[PDB]
Amino acid sequence: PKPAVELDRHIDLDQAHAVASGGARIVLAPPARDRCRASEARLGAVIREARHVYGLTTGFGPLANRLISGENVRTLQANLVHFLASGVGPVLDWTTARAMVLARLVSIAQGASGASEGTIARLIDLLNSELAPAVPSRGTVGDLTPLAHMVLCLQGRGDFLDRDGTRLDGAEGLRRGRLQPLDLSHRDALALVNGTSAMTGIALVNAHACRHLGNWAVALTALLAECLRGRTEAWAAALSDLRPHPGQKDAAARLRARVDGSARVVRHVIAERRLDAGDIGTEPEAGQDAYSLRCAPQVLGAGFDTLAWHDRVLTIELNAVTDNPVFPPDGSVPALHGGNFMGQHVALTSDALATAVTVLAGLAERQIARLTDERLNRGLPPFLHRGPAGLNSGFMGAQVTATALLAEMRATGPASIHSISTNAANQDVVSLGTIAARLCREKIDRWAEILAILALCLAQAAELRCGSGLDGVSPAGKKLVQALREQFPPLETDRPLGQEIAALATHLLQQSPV
Amino acid sequence: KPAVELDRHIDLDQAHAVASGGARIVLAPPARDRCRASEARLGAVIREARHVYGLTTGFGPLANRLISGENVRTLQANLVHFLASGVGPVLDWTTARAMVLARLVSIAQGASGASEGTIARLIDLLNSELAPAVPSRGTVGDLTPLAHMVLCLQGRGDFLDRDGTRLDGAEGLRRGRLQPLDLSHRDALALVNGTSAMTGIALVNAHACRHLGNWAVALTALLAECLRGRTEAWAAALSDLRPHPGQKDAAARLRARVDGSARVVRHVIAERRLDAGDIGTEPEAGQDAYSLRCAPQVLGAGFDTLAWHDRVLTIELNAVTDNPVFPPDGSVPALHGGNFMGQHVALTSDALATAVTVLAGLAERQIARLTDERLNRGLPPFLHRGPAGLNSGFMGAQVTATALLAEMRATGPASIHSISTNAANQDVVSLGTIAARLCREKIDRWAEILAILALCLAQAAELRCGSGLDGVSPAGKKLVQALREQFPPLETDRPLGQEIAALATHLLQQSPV
Amino acid sequence: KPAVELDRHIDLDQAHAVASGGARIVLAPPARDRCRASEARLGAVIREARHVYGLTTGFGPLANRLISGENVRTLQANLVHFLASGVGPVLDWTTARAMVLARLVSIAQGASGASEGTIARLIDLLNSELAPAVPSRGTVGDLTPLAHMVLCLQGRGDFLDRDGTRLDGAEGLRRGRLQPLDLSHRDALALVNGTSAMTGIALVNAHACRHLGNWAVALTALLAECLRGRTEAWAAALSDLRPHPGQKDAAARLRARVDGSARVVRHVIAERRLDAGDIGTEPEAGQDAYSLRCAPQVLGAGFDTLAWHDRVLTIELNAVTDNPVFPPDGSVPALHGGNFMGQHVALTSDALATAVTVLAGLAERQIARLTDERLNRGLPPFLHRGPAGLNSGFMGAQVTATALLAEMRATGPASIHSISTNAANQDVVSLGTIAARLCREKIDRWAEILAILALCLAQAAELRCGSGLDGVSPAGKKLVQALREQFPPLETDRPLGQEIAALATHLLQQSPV
Ligand SMILES: *NC1(P(=O)(O)O)Cc2ccccc2C1
Ligand SMILES: *NC1(P(=O)(O)O)Cc2ccccc2C1
Ligand SMILES: *NC1(P(=O)(O)O)Cc2ccccc2C1
């Protein structure tokens, strides 16, 4: 059948991505259902008492000084969704749009938003269906715009996306997925729109992709060592112990595991060798590898530690109440007005992860550059070609493509530093977290393409170095090359690799080498 | 003068205390023992003629050229020489000393083989009032700056006195009562193959950010007192709903700053029940603009970034960043790897620099709001005194704050610019030193923006509450009174450049307590 | 010394000659007269009580506050005061003087109403050996730096001698035999409301780039003599097929540099007819790598950017950047607009900065190639002398070059960071001063990278052709001989940091002719 995620209070990143990718269905736990019914009742009382509350008895933003009569709240909230729907640009992908819906659902499930059962049910139904709302990616300063578009979609007034990205009109979407049109009550409108759900959704998909790409970065660094007689002593646990960064220790341990059983790497600690007068002279190779192999634990480790920080922060943000105003479950006050919708946390962690991704992509790019250079690849053909040299150039075109992809990645910097006072100075500081998360996603996509090129290069390199039988290659390495060859043939003669690179990249983002 | 006893671990505060000369440093007996044991180990490795980088080989891509024992002295002397190609302004006194301290801590772990004499030279330097004069540019992340540090310690390089005044090598050794560095075995490589420069710069950045963070909070609090800010946005209940540690802490500290204040608005708006007669347009909205209302969230994100930066730096400061390294357990004679790769400090420095720029942005917008007569709720335009028009108050200073911020924004992360070098041997580099230095420049600009905000607020508080600061919180009163001891009110237009610079220097070293 | 007579137009070389103290400046009779005429118009505007900014109104958004003529002196006295909120390192001697010159040229157009006395103070400064000490940061693009300039000229600010050593105001006036600035009517606003600081910085950048460009060409040519470079890639025929002026110029200068060389390859390969016996693998490819073959194109694109930069700068330098302005024809009493908006210098400075980073990158790769034993065609690894391994030669310097380039890349354009300020009155700003200063920083880094390449090439030339430079072109020999006058060959490893810095300073000021 299909796994089920029961949402109560906390959901971890793997559970969240499982639901967003449709791998698992979602159910609201009884305790959560009750907490929300209780909040629903609080919203009702707040409204009946005509309390001064943003979005219920006031205008929006700087127009909040304009009080609104209870008789016009329906209209007020209907216009809210309308004026906010000014987004433009390509729609968020299927998994990401759903991740956004999930993020808003989790914030609501904490029982402090006042959302009605129907509204909550509409979000759950969407997540359990095979559809995703079609929402424009640009327009917010960090996530009213994208969420307002989500609301319109859920009302059948906006397009839906199937798993392939094909769009369905509103009516067709509600029909096909057996979704009931969203019926907004009280502040459901503001509740569904005033949070950091878009950026959080984008970031959770980024987190999941990075985990897989990191596994490939490790698996490919290990295979590279098997193709260039790399020295395993640089990956010794003793070294990690002396510089105890969790990410480094992990990276080194994972690298060692990958080459376990290999007869292609060099396992001798050089210091064990005692020299005598006759040894003094120039040797063919230095006693240590170049940095793209020797410093892999330190570089990959720094990236893993950045991702770990990103995920710790994202875990808190995913399970937090990012809404304004909020209705305290204890009933201490009718409501609280603040800025829990300010996505500065995801903005800063997305920018940090973006930098780390660019650094790791640079490592793979240099690994490709070394492997394909006949002057540096220790005996392998230039650009790993097969057939007559000159007539055949092998991966020479692909090597340049890898460099081009990295160069483009570097052209874009952090999004967070560009805050600009807007909304008539009411929003004098903004996070741009959604932009930050999206820019990070783009870099992750380029990294997958660079790793894809490296993977194809290594499959060819392994066969050139060890024969089609991959003699001496570690079990893990053999399995990885064999799996690649199931879909990607050896480069016996020059051929267009563009489509294959793109195809492989798509795979890398969703599955790890095991 | 307090003393920091170095055994295995030292925290960031103890580190800065030694680097800033606030405390002496002593090597604990256990550390001396571990180091002597490592020295004995290196001696054995050399006697056994083990194939070890720097002891029996050339450097970098030239490591394939094996060297005979009789030539190792020359080898290591030349190492210091060819690596001394740095250029640029020297690191400041505190930072250069922090760099020396960082190398000492790495050595004290007992896996470098440094001689007692070399260790003592590092300790002596830190207990003196001097710092080596080392150029700030040249490394890809820290051979260059460390090589210069060695030359200085041999009396072949300049020193810096606390004031930054330079002394020649001979004068430095004499005045600081330092013995010339006498390198043995691989001391040269040990003193040079680590991340000590970027670590030293980063720990100074860490300390400065803690103080500036306290100022950011104290000034946001005073801003609320000058603009009738609403404290409900800083309630603890909101923090609990979105439990980011930095956010909870910022909110709590903000509340503490305005405790006892009669100038802030404490009413929860939702308590008010509306009547039909109330429907219409009211004078002010029920919530504040973001520069006040979202301070917990913005400041908090910055605080969580600094917390991450500090966790990573603490590990780096206390790690052995050297190559090769000699295992204390004696499992193998030596290990060759890449613990000198400063990718961790590079990434955290880049992330912290972004956070600093974001927080400087908040303070810049706070100045912009406070000085705008259309937004400061009744305060004079640009907080001037005397006749308007004839006097413009802080109008110039406000533009200066915007200029400082715009400059910070022009510089991005250093880490993304790795370039293959050293004949492709160093095909990937961290650029951590550059990253930390760029972060330091942003921190300096942030202090200047905060200084401008502080001077504006002292004037605003008096304009709003009178010279007696009636209704101002005890913390707010204490802060203003403290500033006024050295910075007079602006009763008439005057040059503020020098005052802004003087205050910024203070903000970087002390918090409002 | 030589004298530049200012009438209406002054070119960039004439401007830098005055700024650098190489030439004196004199106001031509026609300029004196059109200025006296403007001074008369200012007096008339004031006598008639015309509604004019700075004469009868407040500043910025306070301009809506009309002022009585009985308080205009106070108004302008306070203007200089509140604007003096600058911070940061002072502009260097030559740049600060270039700034004074740019303001003088703007005034010479006769549309500012500046008095003869004020004009005389600016001319006296330029004819002295001094420069005002002005903070580099504070403006959004140049009220702040200019206000500090005024204070310096009134003797209420520091002065700088050619060495950068500071003198107090009183001493500056005394030593320079200057009279204290005595402001009248709107001299204050006239001396402060323009783009003079960024223009001054940019003109110094233009001059420096011309020299570095010449060194970039001279070193690329010498590189070809050290690596058996092919001159057919620099043929005029190729330039004609892709007629970019800069490319045609770069190729022509490159051909001129290697004229007479017996070390470069001059055979067009296509002339060779192949036969069955030739099919096979040859030692080297028939074309060079891009750092040699594509030099005309890379250097040429940089030269075309500089050309654009200088065209725009020439117009800016000779334009009137002030507000308000008093039309020389008398069509109206005064005009109010925004000719102080330095968007032109901002954009060209940013474009030039990018070009400089690109060319510095070329020089960095040329060093990488020259020092790599796998790519330098037989030269020693890192061009060392003595035993290999024991000696590492330029290995440290090569990494330093990479570090310098990486740092240049971390900083981007300044223009894209406009932020609304001055109570939204200045809702868009150019940041031209920041753009020009960032460009200057990159130019300094480029000079250091070129200095490293020059020292590497001097060594490589001798290693390849012997101490007598046999076969080296006359130009190449002259260049190496000139370098060796002050920089000895690297017979053994030594610290190069000081030499790199010294040479960089020279490269920025003189070309290899
Ligand atoms: N983010 C809000 P706030 O909760 O009032 O700060 C500002 C805004 C502007 C338009 C529509 C909704 C909101 C919510
Ligand atoms: N970082 C080193 P490694 O320890 O050999 O990797 C590379 C290098 C280059 C010149 C001088 C010293 C070193 C140490
Ligand atoms: N640039 C000016 P404008 O000529 O009024 O546009 C704005 C400003 C602000 C403070 C002091 C002088 C000026 C001139």
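Reminder, nothing fancy here: chain letters follow the sequence lines and each chain counts from 1.
With hydrogens and angles disregarded, a donor-acceptor distance shorter than 3.5 Å links the side chain of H211(B) to the backbone of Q509(B).
Between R437(C) and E407(B) a salt bridge is recorded (basic side-chain N to carboxylate O distance below 4.0 Å). Taking 4.0 Å as the cut-off between side-chain N and carboxylate O, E225(B) and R257(B) do not count as a salt-bridged pair.
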>> Under the criterion side-chain contact (heavy atoms from CB on, under 4.5 Å), I'd like the reasoning laid out for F382(B) against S392(B): C-alpha separation, chi angles, the key distance, then a yes or no.
In response: CA-CA 6 Å; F382(B) 305 104; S392(B) 302; 5.7 Å; no

> What do the steps show when you test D142(C) against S196(C) for side chain to side chain donor-acceptor pair (under 3.5 Å), and what is the final call?
Replying inline: CA-CA 7 Å; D142(C) 300 315; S196(C) 303; over 6 Å; no

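Dense packing is recorded around CD of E48(C), with more than 12 heavy atoms of other residues, nucleotides or ligands lying under 6.0 Å away. Within a 6.0 Å radius of NE2 in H267(B), no more than 12 heavy atoms belonging to other residues, nucleotides or ligands are found.
Pairing each heavy atom of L508(B) with each of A447(B), the nearest pair is CG-CB, 3.7 Å. In terms of heavy atoms, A218(B) sits closest to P512(B) at CB-CG, 3.8 Å.
By the 30° and 60° cut-offs, the orientation of the rings of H417(C) relative to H418(A) is parallel.
Rounding to the nearest 0.5 Å places OG1 of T74(C) at 12.5 Å from CG of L79(C).
In the model, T118(C) has a side-chain atom that pairs as donor or acceptor with a side-chain atom of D187(C) under 3.5 Å. Donor-acceptor pairing under 3.5 Å is lacking for the side chains of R73(C) and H185(C).
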